[PDB]
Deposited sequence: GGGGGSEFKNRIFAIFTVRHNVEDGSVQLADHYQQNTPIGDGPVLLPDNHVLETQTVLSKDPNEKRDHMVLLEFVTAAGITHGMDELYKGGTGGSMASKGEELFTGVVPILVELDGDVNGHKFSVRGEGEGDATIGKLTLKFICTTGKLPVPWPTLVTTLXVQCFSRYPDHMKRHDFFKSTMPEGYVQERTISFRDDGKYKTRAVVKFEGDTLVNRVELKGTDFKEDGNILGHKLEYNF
């Protein structure tokens, strides 16, 4: 297993910021050999945008992931299927995601769609939950890529995201290969949310 702790800042309408503390861990599914990486950082830049042609609730994502501080499956563009099932304070909803993943430049292009109507939480609060095996590792660090070395069997991603002064998401994710497309199947349970706090009140400015 490996661990990462980070805090995402979300801008609010009233100028203030909403903080999202992340506890993340990853566990290989396969019973085989994996790499135990030293401390290293993942530097993520990430932009969100809209398809103007899409009438459904959606989020376009462009992301560049790069490390600083059993892999051949990624030598090129891998397809991605993402499926999230969540309920937040009893709100049942699903997000479906398609796109490509090029590990060679640490770039992800994915478009996500709310399958069940209106998304009951702001899309930014679901970004860090909605495939870090695509992050580009330099060659002096090619040995510290846990994610790739757990493939195609995959790994389990488990993360609790608590929003200060508000509720918390608890997600479970299976990130594996499924017939030469990479899949992220995720459950998400949010509890104890203020029914008109930043999240359920939809008070987050939309970018990140």
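Counting from residue 1 of the deposited sequence, the stretches lacking C-alpha coordinates in this chain are 1 to 10, 80 to 99, 161.
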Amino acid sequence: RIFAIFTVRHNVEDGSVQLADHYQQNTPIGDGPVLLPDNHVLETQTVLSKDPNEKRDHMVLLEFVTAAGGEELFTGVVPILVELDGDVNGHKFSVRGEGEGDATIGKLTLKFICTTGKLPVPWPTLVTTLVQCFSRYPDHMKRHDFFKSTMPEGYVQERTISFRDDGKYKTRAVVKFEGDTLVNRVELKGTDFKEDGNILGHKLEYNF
From here on, numbers count along this sequence of modelled residues.
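Per the PDB record, of the two stretches 115 to 123 and 100 to 108, 100 to 108 carries the greater mean B-factor over its C-alpha atoms. Relative to its counterpart among 139 to 147 and 56 to 64, 139 to 147 has the higher mean temperature factor, C-alpha atoms as listed in the PDB entry. Set against one another, the Cα B-factors of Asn89, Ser94, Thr75, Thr128 in the record reach their highest point at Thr75. Ranked within its chain, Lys168 lands in the lowest third, by CA B factor from the PDB record. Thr27: CA B factor lies in the highest third for its chain, per the PDB record. In this PDB entry, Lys50 carries a Cα temperature factor that places it within the lowest third of its chain's modelled residues.
In this PDB entry, the Cα temperature factor of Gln157 sits in the middle third of its chain's modelled residues.
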